[PDB]
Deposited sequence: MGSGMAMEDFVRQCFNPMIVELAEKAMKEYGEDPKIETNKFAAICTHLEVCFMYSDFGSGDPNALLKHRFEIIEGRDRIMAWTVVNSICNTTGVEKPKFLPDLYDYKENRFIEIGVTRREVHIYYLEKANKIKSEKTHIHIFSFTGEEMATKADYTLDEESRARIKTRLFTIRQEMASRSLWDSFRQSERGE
């Protein structure tokens, strides 16, 4: 059962944020278990990406995984102090070094298409897509992180993928992203 996997594979904080998020949108984590696990994955990658952070003490501000009220407080704080334009939707991070917001995507399809669907849904937000195929794609080929950091994100995705596969959950998870 994909539900049981999610609760074994991901830390309880991540799992809880995934539930809250699904319920906010009216979805039952016990029925839409593939989506449940997708959300956990997007969450964990955002935090991983966050935790990689010479000059600045914390290079990234984390925005995903917060209640919307705090998310916008943090986003408006950053905007009102750095002067950067205010997004129309909440992104996932802010980069203090490059002074821009980042929208992380995670797909189990080919990056190039998911990238495009993301970009259309936003415009000054830097997009960075990962996939379970091991690929990635970022606006203007600027991957923000070093290669050490990205490889760790990619390992984690592949680690999730093998643990799914071993329990035959993978192929469903792969097909459900429609």
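Could you list the ranges of the deposited sequence that have no C-alpha atoms in the model?
Several regions go unmodelled: 1 to 5, 59 to 63, 133 to 134, 191 to 192.
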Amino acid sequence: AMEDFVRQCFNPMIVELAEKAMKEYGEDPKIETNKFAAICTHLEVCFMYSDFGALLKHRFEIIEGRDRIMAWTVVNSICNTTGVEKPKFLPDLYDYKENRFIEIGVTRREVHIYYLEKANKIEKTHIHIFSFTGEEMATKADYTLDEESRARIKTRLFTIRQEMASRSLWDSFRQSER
From here on, numbers count along this sequence of modelled residues.
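Note that the rigid core is defined as the largest set of C-alphas that superpose within 1.5 Å between two forms.
Between stretches 150 to 158 and 13 to 21, more displaced by Cα RMS in 7 other deposited structures of this protein (rigid core superposition):
Output: 13 to 21, the stretch lying farther off on average in 7 other deposited structures of this protein.
So, in 7 other deposited structures of this protein, taking the root mean square over structures and residues of the Cα distances after a rigid core fit: is 125 to 133 or 66 to 74 the more displaced stretch?
Stretch with the higher C-alpha RMS distance in 7 other deposited structures of this protein: 66 to 74.
Averaging only over Cα atoms, indicate whether 73 to 81 or 104 to 112 has the higher B-factor in the PDB entry.
Mean B over CA atoms: larger for 104 to 112.
So which stretch wins on mean C-alpha B-factor, 15 to 23 or 159 to 167?
For C-alpha atoms only, the mean B-factor is higher in 159 to 167.
Per the PDB entry, which option out of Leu43, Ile31, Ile63, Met137 has the greatest Cα B factor?
Within the set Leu43, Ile31, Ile63, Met137, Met137 shows the top C-alpha B-factor.
Sorting by Cα B-factor within the chain, modelled residues only, which third would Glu147 end up in: lowest, middle or highest?
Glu147: CA B-factor falls in the middle third of its chain.
Lowest, middle or highest third: where is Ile153 by Cα B-factor in its chain?
Its C-alpha B-factor, which the entry lists for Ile153, ranks in the middle third among residues of this chain.
Quick check on the deposited entry: does the C-alpha B-factor of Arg68 sit in the lowest, middle or highest third of its chain?
Lowest third.
Position of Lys35 among the chain's modelled residues by C-alpha B-factor, lowest, middle or highest third:
Bottom third by C-alpha B-factor.
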